[PDB]
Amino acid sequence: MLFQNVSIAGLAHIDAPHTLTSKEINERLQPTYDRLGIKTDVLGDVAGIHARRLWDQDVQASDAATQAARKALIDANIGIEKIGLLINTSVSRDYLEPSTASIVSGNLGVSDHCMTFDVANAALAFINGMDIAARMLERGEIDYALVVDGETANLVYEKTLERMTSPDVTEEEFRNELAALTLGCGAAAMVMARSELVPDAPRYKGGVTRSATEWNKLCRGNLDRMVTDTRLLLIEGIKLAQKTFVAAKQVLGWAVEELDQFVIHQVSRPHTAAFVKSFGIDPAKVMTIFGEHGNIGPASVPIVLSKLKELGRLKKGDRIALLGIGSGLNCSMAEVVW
């Protein structure tokens, strides 16, 4: 019932080049903090984000995804002519029409057989994109797929910061919009393939999803604004994950001790610590880049997986859980055997 012949041929990530530290942001927001009587460092100390990266001026989501895709093609040692499907999974998008995938695909020079489209599902979309690609691979529709994701937070920072340094900004608004300053830029891409083409490549098994769509108002993001009930998002997200983990026990045969790495989408340091404690996950098996890069939306999971690969942390046979709670609320859990 799980995927039998679906592999990961290549994986890459791109770190955005400009550092914006929380110290620097705080220097700018300090007058407003004081007026609200905030007092704590809600970014560095509470959320646990000390920096994030921003792109150069005028870098679009498609530019970032293209850079990651070129690097993933090199990692897979294949040319773009082999790609039969390119799915863009980012929250950021160039336009409503056409798909950002078509723009990345044009940049890369895909063939006329290549099917492309975007999937949107907040932070879980890269996993959805992997599942969608796996189903096509398993059925023999394509041999290789690219799943790409470029996130830009430049505008949300610029706008939120303006809309927070106006003296006349208010306090409900303030806490509602704080989570926007935990976002970061970055990009990732993955080449997936039919297993008989790539012996020795990691195997993607697929996984489980549960949802709690009654909570779809808890985090609403646009190009220039994100509004988020952080507290409620944490509790309801972890309750949802409890259902999903029960599901994963049954269909994936999961037991926490037997998994070798947990690659977890991160919203905040406390959210992550709550999640880890809830499931009794060894925190050593959880790589985190949130402190320096913040929340890179649906690129977070593959950027961390790529970093684990580049560091030499993954060995043959390792059982790797990809986990995340996405705005929706949705929770997806999936396995890769390295």
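The numbering used is simple: start at 1 and walk along the sequence shown.
Remark: stretch with higher mean C-alpha B factor among 104-112 and 214-222 is 214-222. The PDB entry reports B-factors from which the mean C-alpha value can be compared for 95-103 and 199-207; the larger average falls on 199-207. For the set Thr32, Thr66, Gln60, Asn295, the PDB entry puts the maximum C-alpha B factor at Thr32. Of the candidates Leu314, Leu20, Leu322, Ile14, the PDB record gives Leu314 the highest C-alpha temperature factor. In the PDB entry, a CA B factor belonging to the lowest third of its chain's modelled residues is recorded for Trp55. Sorting the modelled residues of the chain by their CA temperature factor places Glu138 in the middle third. When all modelled residues of the chain are sorted by CA temperature factor, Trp254 is found within the highest third. Annotation for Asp131: C-alpha temperature factor in the lowest third relative to the rest of the modelled chain, per the entry. For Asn176, the recorded CA B-factor ranks within the highest third of the chain. Only modelled residues enter the ranking.
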